[PDB]
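So the structure is just underneath, and the comments pick up after that.
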Ligand SMILES: [Cl-]
Ligand SMILES: [Cl-]
Ligand SMILES: [Cl-]
């Protein structure tokens with residue numbers, strides 16, 4: 002866009018890059034792996050027609066700072082980055098939309114800090130308690146999560162993912178799309194630029210090492226996780242090659258607030274790229290509802 | 002059984018435990034993970050009607066020695082253990098039947114030492130060159146091999162697998178079976194005893210660390226592997242949660258000698274437990290009621 006603006010702001014001891022367009026109610030769009038703000042390229046101008054849209058690069062990604070060490074990527078710290086971002090942007094609360102890791106962070110932010118979240122929207126991101134409790138008993142989820150186990154190993158995943166101009170990552174994306182030409186060559190050049198930022202791949206992989214290591218996946222005991230107390234919308238592409246439907250059933254046990262789920266039976270993990278207008282529509286309607 | 006006998010023998014620098022029953026033509030039964038000789042409990046007395054059956058515990062398992070270190074579980078060493086066992090049993094060769102890792106070892110033994118193998122029977126074990134070439138290009142195989150990646154981590158998988166009397170491992174097995182009651186309460190007690198042997202879990206996991214680490218899976222090299230020169234029967238349970246059919250089709254470069262494949266469309270990885278009589282019948286027919 003011409004109206005899209007790049008900004009950097011200090012939050013939670015790190016500098017965060019974001020793009021923004023629009024005025025009004027603050028709406029955050031939070032990417033996951035192996036994306037960055039640009040995954041929201043279709044939604045930013047559309048949502049910016051009625052809202053102040055901010056799409057940051059999460060800790061470790063693209064133009065945001067990249068602290069060294071696995072411990073710097075624990076979910077508690079990632080959610081504190083977003084809490085800090087809302088404060089730094091001059092709001093008491095935001096509408097928070099998260100996909101993939103951005104959605105895991107959003108569930109966490111909303112649970113522990115409901116005062117900062119006006120409404121929560123989740124795209125293809127399991128609730129932490131659901132993944133922690135259920136994965137060990139879902140052979141289909143364990144199989145879909147093969148690469149989570151691969152990413153635990155030091156050094157090798159960085160090497161394999163980066164080889165031949167990130168051929169693996171390009172493939173991972175393509176294999177996940179429900180039409181396999183969903184990204185253009187222009188998109189891919191922009192993705193490679195973000196992937197090639199010094200330290201970005203290791204930092205992204207550290208999310209898996211910090212938060213989805215085998216102790217967490219195969220924990221004998223359930224975790225304590227506060228109920229969600231804000232209205233919540235889940236958008237769920239059912240042909241997700243990374244997440245089994247086993248993990249999104251029954252979110253209401255975790256939510257003490259209005260809850261709605263919109264299934265997209267013929268979309269996969271990148272629902273916002275596959276049905277960009279329907280996704281935008283559902284978001285706008287849910288936010289304008291009250 | 003009453004006629005089953007336990008023995009220990011020194012081979013390839015380690016002491017190996019095995020059970021034996023029967024007299025006549027020597028037949029080896031080689032288990033995989035997370036089994037030991039006892040996976041062959043149904044087949045041993047039945048095959049002992051026509052063969053001298055020997056079912057060893059592989060290096061690292063149950064009553065066999067358990068050398069320290071990942072490097073001691075490379076496939077070449079494991080195959081040399083079995084070559085040594087055949088020699089130690091007083092014969093020049095044996096019929097070799099292998100399931101899972103025992104099958105991978107059997108492919109390797111047969112390729113590099115064909116004079117020691119009379120005939121080869123493989124149950125749900127991909128040819129090493131097929132797994133090495135194809136896995137990295139097969140999303141379905143990579144997904145099925147989630148646990149291969151899990152097992153690469155030091156210490157943690159041993160802890161998780163062993164906790165609460167091997168609750169994980171029992172679950173892993175059950176989720177892999179397509180028949181009920183393959184493990185009775187009595188069988189489970191016996192399994193837990195073997196699993197609990199000092200160093201056994203680490204040694205079993207070292208097969209995956211030594212031979213199927215991510216560098217090996219994703220390597221852009223083709224592997225050298227001799228052609229199979231002994232008659233070979235592959236038995237394949239199609240509902241295998243661990244191995245994609247991508248890895249068993251198209252053997253043509255790999256085998257020179259006569260080859261037969263028997264698919265079991267309604268069995269999984271543990272085909273010898275799920276259709277024990279049909280599996281035994283195909284083995285007996287192939288070995289003793291052969292062609293040219
Ligand atoms: Cl749950
Ligand atoms: Cl749909
Ligand atoms: Cl069958």
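Protein chains in written order, with the entry's author numbering: chain B, 2 to 291; chain A, 2 to 293. Note that CB positions come from ideal geometry on N, CA and C, so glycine has one too.
If you run the structure through DSSP and keep just helix, strand and coil, what is residue i?
{"i": "residue 52 of chain A", "result": "strand"}
{"i": "residue 89 of chain B", "result": "helix"}
{"i": "residue 250 of chain A", "result": "coil"}
{"i": "residue 332 of chain B", "result": "In the structure as shown, chain B begins at 2 and stops at 291. Residue 332 of chain B is therefore absent and cannot be evaluated."}
{"i": "residue 8 of chain B", "result": "strand"}
{"i": "residue 283 of chain A", "result": "helix"}
{"i": "residue 19 of chain A", "result": "strand"}
{"i": "residue 204 of chain B", "result": "helix"}
{"i": "residue 289 of chain B", "result": "helix"}
{"i": "residue 62 of chain B", "result": "coil"}
{"i": "residue 37 of chain A", "result": "coil"}
{"i": "residue 211 of chain A", "result": "helix"}
{"i": "residue 80 of chain B", "result": "helix"}
{"i": "residue 218 of chain B", "result": "helix"}
{"i": "residue 255 of chain B", "result": "helix"}
{"i": "residue 244 of chain B", "result": "coil"}
{"i": "residue 193 of chain B", "result": "helix"}
{"i": "residue 57 of chain B", "result": "strand"}
{"i": "residue 225 of chain A", "result": "coil"}
{"i": "residue 96 of chain B", "result": "strand"}
{"i": "residue 231 of chain B", "result": "coil"}
Are the CB atoms of residue j and residue i within a distance shorter than 9 Å?
{"i": "residue 233 of chain B", "j": "residue 120 of chain B", "result": "yes"}
{"i": "residue 48 of chain B", "j": "residue 281 of chain B", "result": "yes"}
{"i": "residue 176 of chain A", "j": "residue 244 of chain A", "result": "no"}
{"i": "residue 207 of chain B", "j": "residue 73 of chain B", "result": "yes"}
{"i": "residue 17 of chain B", "j": "residue 57 of chain B", "result": "yes"}
{"i": "residue 198 of chain A", "j": "residue 69 of chain A", "result": "no"}
{"i": "residue 34 of chain B", "j": "residue 77 of chain B", "result": "no"}
{"i": "residue 247 of chain B", "j": "residue 139 of chain B", "result": "yes"}
{"i": "residue 1 of chain A", "j": "residue 109 of chain A", "result": "Residue 1 of chain A is absent from the structure shown; chain A starts at 2 and stops at 293."}
{"i": "residue 61 of chain B", "j": "residue 13 of chain B", "result": "no"}
{"i": "residue 144 of chain B", "j": "residue 145 of chain A", "result": "yes"}
{"i": "residue 149 of chain A", "j": "residue 166 of chain A", "result": "no"}
{"i": "residue 252 of chain B", "j": "residue 235 of chain B", "result": "yes"}
{"i": "residue 103 of chain B", "j": "residue 178 of chain B", "result": "no"}
{"i": "residue 24 of chain B", "j": "residue 53 of chain B", "result": "yes"}
Determine the closest residue to residue i out of the options, with distance taken between C-alpha atoms.
{"i": "residue 224 of chain A", "options": "A/132, A/91, A/71", "result": "A/132"}
{"i": "residue 215 of chain B", "options": "A/147, A/217, A/106, A/267", "result": "A/147"}
{"i": "residue 81 of chain A", "options": "A/43, A/236, A/11, A/195", "result": "A/11"}
{"i": "residue 59 of chain A", "options": "A/230, A/99, A/197", "result": "A/99"}
{"i": "residue 158 of chain B", "options": "A/153, A/239, A/157", "result": "A/153"}
{"i": "residue 264 of chain A", "options": "A/257, A/238, A/108, A/270", "result": "A/238"}
{"i": "residue 213 of chain A", "options": "A/14, A/6, A/112, A/129", "result": "A/129"}
{"i": "residue 242 of chain A", "options": "A/267, A/222, A/227, A/250", "result": "A/267"}
{"i": "residue 254 of chain B", "options": "B/226, B/26, B/83", "result": "B/226"}
{"i": "residue 27 of chain B", "options": "B/250, B/108, B/83", "result": "B/83"}
{"i": "residue 75 of chain B", "options": "B/54, B/105, B/287, B/53", "result": "B/105"}
{"i": "residue 115 of chain A", "options": "A/257, A/229, A/24", "result": "A/229"}
{"i": "residue 218 of chain A", "options": "A/134, A/286, A/22", "result": "A/134"}
{"i": "residue 123 of chain B", "options": "B/53, B/55, B/249", "result": "B/249"}
{"i": "residue 112 of chain A", "options": "A/15, A/22, A/257", "result": "A/257"}
{"i": "residue 1 of chain B", "options": "B/25, B/29, B/8", "result": "It is not possible to answer for residue 1 of chain B, since the shown part of chain B is limited to 2 through 291."}
{"i": "residue 125 of chain B", "options": "B/6, B/24, B/23, B/31", "result": "B/31"}
{"i": "residue 259 of chain A", "options": "A/279, A/54, A/287, A/240", "result": "A/287"}
{"i": "residue 221 of chain A", "options": "A/283, A/168, A/38, A/136", "result": "A/136"}
{"i": "residue 29 of chain B", "options": "B/291, B/284, B/290", "result": "B/284"}
{"i": "residue 41 of chain B", "options": "B/278, B/289, B/290, B/291", "result": "B/278"}
{"i": "residue 156 of chain B", "options": "B/289, B/43, B/21, B/71", "result": "B/71"}
{"i": "residue 38 of chain A", "options": "A/174, A/196, A/289, A/261", "result": "A/196"}
{"i": "residue 67 of chain A", "options": "A/15, A/261, A/127, A/262", "result": "A/15"}
Are the region 177-187 of chain A and the region 266-276 of chain A in contact at 8 Å, needing three or more beta carbon pairs? yes
Taking contact to mean 3 or more Cβ pairs, one atom from each stretch, closer than 8 Å, check whether the region 112-119 of chain A and the region 94-103 of chain A are in contact. yes
Give, in chain order, every unbroken run of the alpha helix (DSSP H) that is at least 4 residues long and sits entirely within the region 104-191 of chain A. Listed in chain order, they are 129-135, 140-145, 147-151, 157-177.
Would you be able to state if there are at least three C-beta pairs under 8 Å between the region 198-210 of chain A and the region 146-165 of chain A? yes
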